[PDB]
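Here's the structure, in structure tokens; my notes come after.
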Amino acid sequence: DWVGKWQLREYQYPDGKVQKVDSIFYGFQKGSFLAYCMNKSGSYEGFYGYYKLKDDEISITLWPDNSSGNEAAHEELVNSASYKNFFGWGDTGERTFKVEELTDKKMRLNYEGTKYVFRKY
């Protein structure tokens, strides 16, 4: 029920604020994670990783992770402006969300009060 591309429609910050998003997509495929930032140009930037489902949570980890053999490439990724603007998940390159909604069309994730509102594409 996670498979496919999911367009991030908006951010809902705790205190009430709403941020319209059009360029962002999340992809889910049998444990693998994909994410892309568009440009009306005709080009897009992509990211990849894996996810784990536990109770009512999804743990998204970006590849390369921060293992001993990956730290150099991990640090090149988590320090890039692209990652800071798109994810902002910090040095770890991992974020665990509460799954508030998941249907055949909508998906709503929650992180420390910030709601991630997606529509299936």
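Order determines the names: the first chain of the structure tokens is A, the second B, and so forth; residues in each chain are numbered 1 upward, and ligands are numbered 1 upward as they are shown.
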#### Entry: strand (DSSP E) positions in chain A, given as a PyMOL selection string
chain A and resi 4-12+18-20+24-29+32-37+45-54+57-62+94-102+106-111+114-120
### Task
Write out as a list in words all residues of chain A that DSSP puts in helix (DSSP H, G or I) for this structure's backbone.
residues 71, 72, 73, 74, 75, 76, 77, 78, 81, 82, 83, 84, 85 and 86 of chain A
Selected residues written out, C-alpha atoms, as a short mmCIF file (atom, residue, chain, number, x, y, z; two decimals), in the first residue's frame:
```cif
data_model
loop_
_atom_site.label_atom_id
_atom_site.label_comp_id
_atom_site.auth_asym_id
_atom_site.auth_seq_id
_atom_site.Cartn_x
_atom_site.Cartn_y
_atom_site.Cartn_z
CA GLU A 71 31.19 8.19 6.30
CA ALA A 72 33.16 10.10 3.59
CA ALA A 73 30.37 9.82 0.98
CA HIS A 74 27.66 10.27 3.70
CA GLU A 75 29.30 13.55 4.85
CA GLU A 76 29.51 14.73 1.16
CA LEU A 77 25.71 14.16 0.95
CA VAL A 78 24.39 15.44 4.33
CA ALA A 81 22.79 22.44 0.05
CA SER A 82 20.43 20.16 -1.96
CA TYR A 83 19.98 17.83 1.06
CA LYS A 84 19.67 20.73 3.51
CA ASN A 85 16.94 22.36 1.36
CA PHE A 86 15.11 19.18 0.46
#
```
### Task
Work out how far apart CA of residue 113 (chain A) and CA of residue 12 (chain A) are and give it in Å to one decimal.
8.2 Å
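The protein and nucleic acid residues lying at most 10 Å from residue 111 (chain A) are residues 13, 14, 95, 96, 97, 98, 99, 109, 113, 114, 115 and 116 of chain A, with only C-alpha atoms considered and sequence neighbours fewer than 2 positions away removed.
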### Query
Do you have the CA of residue 45 (chain A)-CA of residue 25 (chain A) distance handy?
10.6 Å
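Nearest-residue note for residue 59 (chain A): choosing from A:43, A:110, A:79, A:19, the minimum distance belongs to A:110, counting only C-alpha atoms.
Considering only C-alpha atoms, the residue among A:61, A:9, A:32, A:26 positioned nearest to residue 46 (chain A) is A:26.
Near residue 107 (chain A), within 12 Å and counting only C-alpha atoms, sit residues 1, 2, 3, 4, 5, 6, 7, 8, 9, 10, 26, 58, 97, 98, 99, 100, 101, 102, 103, 104, 110, 115, 116, 117, 118, 119, 120 and 121 of chain A, not including residues fewer than 3 positions from it in the same chain.
For the residues A:51, A:24, A:112, A:88, ranking by smallest atom-to-atom distance to residue 38 (chain A) using only C-alpha atoms places A:24 first.
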### Message
I'd like the interatomic distance between CA of residue 39 (chain A) and CA of residue 87 (chain A), to a tenth of an Å.
### Response
16.7 Å
### Query
Excluding same-chain residues fewer than 3 positions from residue 34 (chain A), what lies within 6 Å of it counting only C-alpha atoms, as a VMD selection string?
chain A and resid 26 to 27 47 to 48
Could you turn the residues from that selection into a file that holds N, CA, C and O atoms, as a short mmCIF file (atom, residue, chain, number, x, y, z; two decimals), in the first residue's frame?
```
data_model
loop_
_atom_site.label_atom_id
_atom_site.label_comp_id
_atom_site.auth_asym_id
_atom_site.auth_seq_id
_atom_site.Cartn_x
_atom_site.Cartn_y
_atom_site.Cartn_z
N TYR A 26 8.12 11.66 -3.33
CA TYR A 26 8.69 10.52 -2.57
C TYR A 26 8.27 9.25 -3.25
O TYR A 26 7.13 9.14 -3.67
N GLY A 27 9.19 8.31 -3.41
CA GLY A 27 8.92 7.02 -4.05
C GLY A 27 9.21 5.87 -3.12
O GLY A 27 10.19 5.90 -2.37
N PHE A 47 17.38 11.42 -4.91
CA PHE A 47 17.94 10.85 -3.70
C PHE A 47 17.41 9.46 -3.51
O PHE A 47 16.35 9.14 -4.04
N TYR A 48 18.13 8.62 -2.79
CA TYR A 48 17.69 7.25 -2.61
C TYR A 48 18.08 6.73 -1.22
O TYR A 48 18.93 7.29 -0.55
#
```
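Counting only C-alpha atoms and comparing A:62, A:11, A:56, A:106, the residue that lies closest to residue 35 (chain A) is A:62.
Counting only C-alpha atoms, the residue from A:57, A:94, A:28, A:23 that sits nearest to residue 42 (chain A) is A:23.
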